[PDB]
Amino acid sequence: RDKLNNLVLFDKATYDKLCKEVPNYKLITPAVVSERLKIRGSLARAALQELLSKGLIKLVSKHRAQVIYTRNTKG
Amino acid sequence: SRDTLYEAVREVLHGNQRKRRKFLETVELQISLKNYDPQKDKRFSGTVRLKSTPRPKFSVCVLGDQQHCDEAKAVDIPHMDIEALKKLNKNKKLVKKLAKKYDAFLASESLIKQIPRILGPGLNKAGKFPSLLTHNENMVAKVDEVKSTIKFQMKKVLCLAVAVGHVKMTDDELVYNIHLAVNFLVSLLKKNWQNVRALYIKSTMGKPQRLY
RNA sequence: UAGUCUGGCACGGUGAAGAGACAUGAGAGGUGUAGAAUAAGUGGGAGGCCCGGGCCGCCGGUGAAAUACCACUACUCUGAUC
RNA sequence: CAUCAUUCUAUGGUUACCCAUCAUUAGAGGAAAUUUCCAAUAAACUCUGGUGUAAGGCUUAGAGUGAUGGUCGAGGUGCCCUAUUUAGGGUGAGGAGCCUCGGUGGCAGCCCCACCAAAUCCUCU
């Protein structure tokens, strides 16, 4: 029906709308990102452990199907 | 159309019982009409002639590049340059003012053209119709529309209103602008026939009086 | 074409009730964004009006017309009948 | 580049008179359906010059400018069947004709997403 056209890698502004505003979301999941920021879903699985290696987000429980993160702590 | 009561042409000097007001008044004559269509090819158009010094006062403008250099300074012409009619039409839609502030324009000869560019036919649907002639004569040719004929119009409200004389000239000059006005409704007569039903001779500001 | 069916005119009237006109004699009536305002319009217009004093306005601002200041035709209906 | 408007030029056009729609006069025009086709049906709707008046630069050659070296964004509007009627069940075709940076809901605004619409009708079935 309504076919959608996504993108392989980031635009410069879209990473500034990812790296600032995805840590303002609570469900940081690769299914949230590729519906919202509209990318090739495979990408969003890889981007989130670079942010863990950057040290923003919290790996609650990683799985094959769904990897679940949340925004920054309170303390 | 024809009526006439021109056997007792006096009793117009009755001044101080109607007149007691101080501003400059214009004797503006309403006449009663009936049975005319505003929609159709039915016209009530033309300019009724008045040679006997009416002298209409309004927002006056005069142009002309002739031997009117000194002939037009008798009245003190506000002669803005032929070049300087630019913002006359430009400060109209971009700016929200009437950039004219004058209720007449002029067509002249010696040069056959006045202006056929965006400024001339820019006035073509503004009103205040530039029609008058001052071509080749030069006797005065400045006040010879003012001291000459009056204009009127037709529209969708079926009523007529136009000036006949002015307050500076006396009641014996306001009687010279009655006879030579409605005698041009018996000469000018298509078969929109018997248009004049009742006549209201008046001051500017007073009470209704009848000549029929 | 006789006849016959039919409409008009004529002889050919009277009175009332009625429905619509016209001739009329008063009211009420008007909503585009917008400008402070249900912009009915024409020739207007920066002045006049009353108690020297004071008023609505000009212009700005909506928009070919803009409010006080002589008049009158229309147009939506009501509406008295020699 | 194809374009509407802006300022500097305009021997350029007619003042009881010129624009763009609407109101009307004489012209040029079908896919689906239908099933296997064909030539036809029968117009919806679009414009050419005629003419009219409540808003207004007509147009015109052309130097500098609002704004895409791709432009506007482009997602909604209908008809038919039902006692799920604040809702449920259908899907043929082709022209036309319009709003907004819409208000309220969610990982609250922007992106994603949900709903309520600004005016929708004509036609061959």
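Residues numbered from 1 in each chain as written, not as in the entry; some residues may be left out. Chains lettered and ligands numbered in written order. Part of a larger assembly, values for the part shown. Heavy atoms only, no water. Residues with missing side-chain atoms left out of burial classes, pairs and counts.

- As annotated in the PDB entry, chain B carries the name uL1 and comes from Oryctolagus cuniculus.
- According to the UniProt record, the Subunit comment for chain B is "Component of the large ribosomal subunit." (UniProt positions renumbered as here; feature names shortened; annotations may be inferred.)

- Under the PDB entry, the name given to chain A is eS25, and the organism recorded is Oryctolagus cuniculus.
- Checking UniProt for chain A, the heading Subunit contains the comment "Component of the small ribosomal subunit."
- The Subcellular location field of the UniProt record for chain A holds the comment "Cytoplasm".

### Quick word on the overall build of chain A
Here's step 1: If you tally the helices and strands in chain A, you get 3 helices and 2 strands.
Here's step 2: Starting at the N terminus and ending at the C terminus, chain A contains elements arranged as α-α-α-β-β.
Here's step 3: Dimensions of chain A, computed from C-alpha atoms along their principal axes, come out at roughly 45 × 30 × 20 Å.
Here's step 4: Residues classed as buried in chain A amount to 24% of the 75 residues present.
Here's step 5: A sequence separation of at least 24 residues applies to 51% of the contacts in chain A between residues at least 6 apart.
Here's step 6: In the structure as shown, chain A presents an accessible area of about 6,000 Å², 51% of it carried by carbon and sulfur atoms.
Here's step 7: For chain A, the centre of its 16 positive side-chain charges and the centre of its 6 negative side-chain charges are spaced 7 Å apart. (Helix = DSSP H or I, 4+ residues; strand = E, 2+ residues; numbered from the N terminus. Buried < 20%, exposed > 50% of the residue type's maximum accessible area, 1.4 Å probe, protein only. Contact = heavy atoms within 4.5 Å. Areas by Shrake-Rupley, 256 points an atom, 1.4 Å probe, with all protein chains shown as cover. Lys, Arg positive; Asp, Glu negative; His and termini not counted. Charge placed at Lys NZ, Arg CZ, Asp CG, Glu CD.)

### Side note on the protein's contact with RNA strand C
Residue and element names in this part refer to chain B.
Here's step 1: Neighbouring RNA strand C are 24 residues; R21, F23, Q30, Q153 and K155 lie closest to it.
Here's step 2: Near the protein, meaning within 4 Å, the atoms of RNA strand C are sugar or phosphate in a fraction of 72%, with bases accounting for the rest.
Here's step 3: Side-chain polar atom of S32 to a sugar or linking oxygen of RNA strand C: 3.1 Å apart, as the coordinates give it.
Here's step 4: Measuring from a sugar or linking oxygen of RNA strand C, one finds a side-chain N or O atom of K155 at 2.6 Å.
Here's step 5: Only β1 (26-33) and β2 (161-166) provide two or more residues apiece to the surface near RNA strand C.
Here's step 6: Among the elements that line the surface near RNA strand C, the one with the most residues is β1, at 3 residues.
Here's step 7: Of the residues contributing to the surface near RNA strand C, the split by class is 10 nonpolar, 5 polar and 9 charged. (Near = heavy atom within 4 Å. Polar contact = N/O pair within 3.5 Å; in protein donor to acceptor, adjacent residues only side chain to side chain. Nonpolar A, V, L, I, M, F, W, Y, C, P; charged D, E, K, R; others polar.)

### Comments concerning unusual backbone geometry
Residue and element names in this part refer to chain B.
Here's step 1: Positive phi outside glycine occurs at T4, with the angle close to 75°.
Here's step 2: Take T4: it is sitting in the segment before β1.
Here's step 3: Its identity is not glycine, yet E11 carries a phi of approximately 65°, on the positive side.
Here's step 4: Mapped onto the fold, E11 is located in the segment before β1.

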